[PDB]
Amino acid sequence: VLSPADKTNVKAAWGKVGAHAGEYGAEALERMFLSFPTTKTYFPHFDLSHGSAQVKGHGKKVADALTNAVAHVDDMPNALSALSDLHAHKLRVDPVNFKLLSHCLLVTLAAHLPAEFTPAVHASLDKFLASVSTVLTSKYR
Amino acid sequence: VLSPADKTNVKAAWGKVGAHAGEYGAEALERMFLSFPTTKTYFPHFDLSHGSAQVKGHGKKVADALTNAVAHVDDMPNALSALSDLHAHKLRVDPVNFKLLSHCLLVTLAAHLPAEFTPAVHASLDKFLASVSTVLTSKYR
Amino acid sequence: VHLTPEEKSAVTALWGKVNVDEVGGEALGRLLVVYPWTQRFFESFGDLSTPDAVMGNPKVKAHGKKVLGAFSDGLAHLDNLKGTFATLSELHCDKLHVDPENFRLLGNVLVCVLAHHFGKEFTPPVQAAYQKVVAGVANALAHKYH
Amino acid sequence: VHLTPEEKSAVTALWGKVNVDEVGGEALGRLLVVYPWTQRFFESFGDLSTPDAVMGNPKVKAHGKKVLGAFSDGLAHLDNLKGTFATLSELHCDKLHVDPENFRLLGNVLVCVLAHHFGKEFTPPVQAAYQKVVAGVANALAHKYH
Ligand code: HEM
Ligand code: HEM
Ligand code: HEM
Ligand code: HEM
């Protein structure tokens, strides 16, 4: 459950991603695939090489979904219902993998937004990503 | 995130619990303290012996809180705000312990209400207790 | 895993009443229903689309019997679980890459099934002994991760 | 932990630039802020009521130095983490009863702090090498649980 301060922090911090959405999302995916190679099992037919255009394109989708989540942060299950159906019902992604990607998103944000990534904002972003992860790993239709 | 059917399953199952709510809460606590002795560190001044009137009294409080949560399953953060502050802000309970108590509650229900504890009801109750646990381990003031 | 003589006796007495043809399938089936991502590991088992489909699936039942057999073997080798489960650990960790939290989940679903079947006999001290056992088994299965 | 010579070189080179006096406190502080239940283990440390109070707390900074030193000790002998951390494992597991998930959390908070400090230099391959290190350290700290 996010506090009002959490929502404020997330909107402010994620708001700085902007046109770098694809780049940051792709970097987070690349970090995950490299650091935690078991995650690649979910993408059996992807080109997961360094600099892959396919990973770049997928990074944009992830980042844009996070933008969507921020714009609906008080009502996320209804806003992300399609993504929950994909990840929980169709793909059956083990919940541990969401912790891995969430960590890699935090690392990416820490590496690119040093001024923004204060301890308080770090805490809020972690809670936000945990909340998104819970929605995407739940079946609630 | 609970499905509409999950909410119905939880309400039906907890309703069957009825007047034994308190007894089952005490048993779940007793199971937790015995099976997972580290949990006793949160109750250092408690009489934790078998048959403890203090544990019985506390079991009733826990059960009544769950009954309230079932009544407000659509609005649990608001309904449990005081309890969240107690467990997350004051007591600082490690979230692993909520998984332990949740399991001991399911075991208690399974032992006492075997006909009711179908696979679908088991699934819904596990999700419900996870949702309660998330609220009680969150600081969202 | 060390059990007191009282705990060993109680664990053995309860296990003797377990239906070895059914309980493993009940445990495995409930795992697949309660934690649905675990179904990804069993795509070849056929219909898992509803709780009734899962619980009545012949391949879930048959596989469940193998799982129960592993728990039964463990009960006779509690002082050497890491050795006993070495082949299974290599399979589940190195080949299948099952996240080890799922081993803990299956153990606790088994405990719920024992509670369901044996009610008042599954007292809190009996449960505590079984938690030691399933924690030992989960830890031994996860050994390749440690 | 098995690092390639290239990975060990990358990790060692970066760690040579890590501020011994500050980075451990930053990581411990962020653990306390991001995962507030961990504050329960540090009652005697004084004021942890706000993120600023935590990050400015002298005892957090001082303790953080010790934590960093232990990671440094791990780096110095990657082939014997279990031996290096045996005493610390007894302390954290048998005495303090820290749930071992928290060991993973602190390791990952350290990785975030490294990324924060080094920016572009903390490349995905450098991170991957550090993730092996912090997983090894967490496993070694948790050894008494296994
Ligand atoms: C914050 C967490 C996540 C977000 C916001 C997210 C978002 C998305 C989005 C927007 C898509 C594309 C949906 C579409 O094409 O309609 C997608 C697809 C996918 N996601 Fe994620 N995802 C997350 C976590 C994960 C994780 C942790 C995994 C596995 C390690 C995963 C595995 C996949 C796969 C396999 C696909 C489909 C790829 C394909 O075959 O086209 N997702 N996700
Ligand atoms: C479903 C999960 C839980 C529920 C519904 C619940 C509910 C409650 C309630 C109603 C109270 C009494 C508050 C009051 O009247 O002032 C309480 C107190 C307390 N709870 Fe929980 N609780 C849960 C989980 C846990 C867990 C997992 C732990 C630790 C292992 C824990 C530790 C405590 C402690 C230490 C107290 C205060 C006891 C005292 O010193 O008086 N709770 N809880
Ligand atoms: C925690 C206690 C567990 C025990 C005692 C156990 C035991 C076993 C046994 C005896 C086998 C047969 C090995 C063989 O035929 O050589 C097996 C296979 C397998 N296990 Fe488990 N297991 C456990 C947990 C899990 C979990 C949580 C999963 C998650 C999905 C899993 C996934 C599998 C799969 C996919 C197979 C192979 C099935 C096939 O033949 O297609 N296991 N396990
Ligand atoms: C995961 C990597 C960790 C490392 C490398 C580490 C390292 C250390 C070291 C070097 C000490 C001092 C030992 C001594 O003075 O003899 C210590 C003490 C301590 N650690 Fe950690 N630690 C870790 C994780 C944790 C976590 C996650 C917690 C709690 C959530 C924790 C709680 C404590 C406490 C309470 C003390 C004693 C503080 C006091 O003196 O009052 N540790 N640790």
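First the proteins, then the strands, lettered A, B, ... as listed; each starts at 1. Both counts, for ligands and for their atoms, begin at 1 and track the order of listing. These values consider heavy atoms only, across backbone and side chains, with no hydrogens, waters or symmetry-generated copies.
Within the 4.5 Å cutoff, the side chain of D/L110 has heavy atoms near those of the D/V23 side chain.
Taking a distance limit of 4.0 Å, we find that atom 15 (O) of ligand 4 is approached by no protein heavy atom. Inside a 4.0 Å radius of atom 43 (N) of ligand 1 there is at least one protein heavy atom.
Residues D/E43 and B/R92 are paired through a salt bridge, judged by an N-O separation under 4.0 Å between the basic side chain and the carboxylate. Ion pairing of D/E22 with D/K61 is absent here, as no side-chain N (NZ or NE/NH1/NH2) approaches a carboxylate O to less than 4.0 Å. Look at B/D85 and B/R141 and you find a salt bridge, because one of the NZ, NE, NH1 or NH2 atoms lies within 4.0 Å of a carboxylate O, short of that distance. Between D/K65 and D/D21 there is a salt bridge, with a side-chain nitrogen of the basic residue lying less than 4.0 Å from a carboxylate oxygen of the acidic one. Ionic pairing of B/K7 and B/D74 is present here: one or more N-O contacts between side-chain nitrogen and carboxylate oxygen are shorter than 4.0 angstrom.
Not close to ligand 2: B/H45, with no non-hydrogen atom less than 4.0 angstrom away. At a 4.0 Å cut-off, at least one heavy atom of A/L86 sits close enough to ligand 1 to count as contact.
Distances below 4.0 Å separate heavy atoms of A/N97 from the following atoms of ligand 1: 27 (C), 30 (C). The contact set between ligand 4 and D/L141, taken as ligand atoms under 4.0 Å from a residue heavy atom, comprises 1 (C), 2 (C), 3 (C), 4 (C), 23 (C), 24 (C). Of all atoms in ligand 4, listed by their number and element, those nearer than 4.0 Å to a heavy atom of D/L96 are 33 (C), 34 (C), 35 (C), 36 (C). If you number the atoms of ligand 4 from 1 as listed, the ones under 4.0 Å from a heavy atom of D/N102 come out as 27 (C). Taking every non-hydrogen atom of A/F46 and a distance limit under 4.0 Å, the qualifying atoms of ligand 1 come out as 38 (C), 39 (C), 40 (O), 41 (O). Which parts of ligand 1 touch A/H58 is read off a 4.0 Å heavy-atom cut-off, strictly below it: atoms 17 (C), 18 (C), 19 (C), 36 (C), 38 (C). The atoms of ligand 1 that sit less than 4.0 Å from any heavy atom of A/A65 are 5 (C), 10 (C). Heavy-atom contacts of A/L91 reach the following atoms of ligand 1: 33 (C), 34 (C), 35 (C), 36 (C) (cutoff under 4.0 Å). Less than 4.0 angstrom separates some heavy atom of D/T38 from each of these atoms of ligand 4: 30 (C).
Nearest protein neighbour of atom 26 (C) of ligand 4, counting heavy atoms only, is D/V98 CG1, 4.1 Å. Residue, atom and distance of the protein heavy atom nearest to atom 35 (C) of ligand 2 are B/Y42 O, 3.1 Å. Of all protein heavy atoms, the one lying nearest to atom 4 (C) of ligand 2 is B/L136 CD1, 3.7 Å. Among all non-hydrogen protein atoms, the one lying nearest atom 10 (C) of ligand 2 is B/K61 O, 3.4 Å. Counting protein heavy atoms only, atom 29 (C) of ligand 1 is closest to A/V93 CG1, 3.7 Å. Here the heavy atom of the protein found nearest to atom 9 (C) of ligand 4 is D/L88 CD2, 3.7 Å. In this structure, the protein non-hydrogen atom closest to atom 24 (C) of ligand 1 is A/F98 CE2, 3.2 Å. Protein heavy atom nearest atom 32 (C) of ligand 1, with residue, atom name and distance: A/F43 CZ, 3.5 Å.
When heavy-atom distances to ligand 4 are checked against a 4.0 Å cut-off, D/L106 comes that close only through its side chain, counted from C-beta outward. Using a 4.0 Å cut-off between heavy atoms, D/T87 makes no contact with ligand 4 at all.
Under 2.8 Å from atom 21 (Fe) of ligand 4 lies an N/O/S atom of D/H92, whether from backbone or side chain. At least one N, O or S atom of B/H87 sits under 2.8 Å from atom 21 (Fe) of ligand 2.
For B/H87 (side chain) and B/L83 (main-chain N/O), a donor-acceptor pair under 3.5 Å exists by modelled atom type. B/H58 places no side-chain N or O within donor-acceptor distance of the main-chain N or O of B/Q54, the cut-off being under 3.5 Å.
Among D/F45, D/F103, D/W37, the residue whose heavy atom lies closest to atom 41 (O) of ligand 4 is D/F45. By heavy-atom distance, the residue among D/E43, D/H63, D/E101 lying nearest atom 18 (C) of ligand 4 is D/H63. With A/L129, A/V62, A/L83 as candidates, the residue nearest to atom 11 (C) of ligand 1 on a non-hydrogen basis is A/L83.
Cation-pi geometry between A/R31 and A/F36 is not met at under 6.0 angstrom from the ring centre and within 45 degrees of the axis. Note that D/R30 lies outside the cation-pi zone of D/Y35, set by a 6.0 Å cut-off to the ring centre and a 45° limit from the axis.
Around the NZ atom of B/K60, the shell of radius 6.0 Å holds no more than 12 heavy atoms that belong to other residues, nucleotides or ligands. Other residues, nucleotides and ligands contribute only 12 or fewer heavy atoms inside 6.0 Å of the NE2 atom of B/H89. More than 12 heavy atoms of other residues, nucleotides or ligands sit less than 6.0 Å from atom NZ of B/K11.
A ring-centre distance under 6.0 Å is found for B/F43 and B/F33. Taking the six-membered ring where the residue is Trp, the centroids of D/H143 and D/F85 are separated by 6.0 Å or more.
Using the six-membered ring where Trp is involved, D/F45 and D/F42 have ring planes that are perpendicular, over 60° apart on the 30 and 60° scheme.
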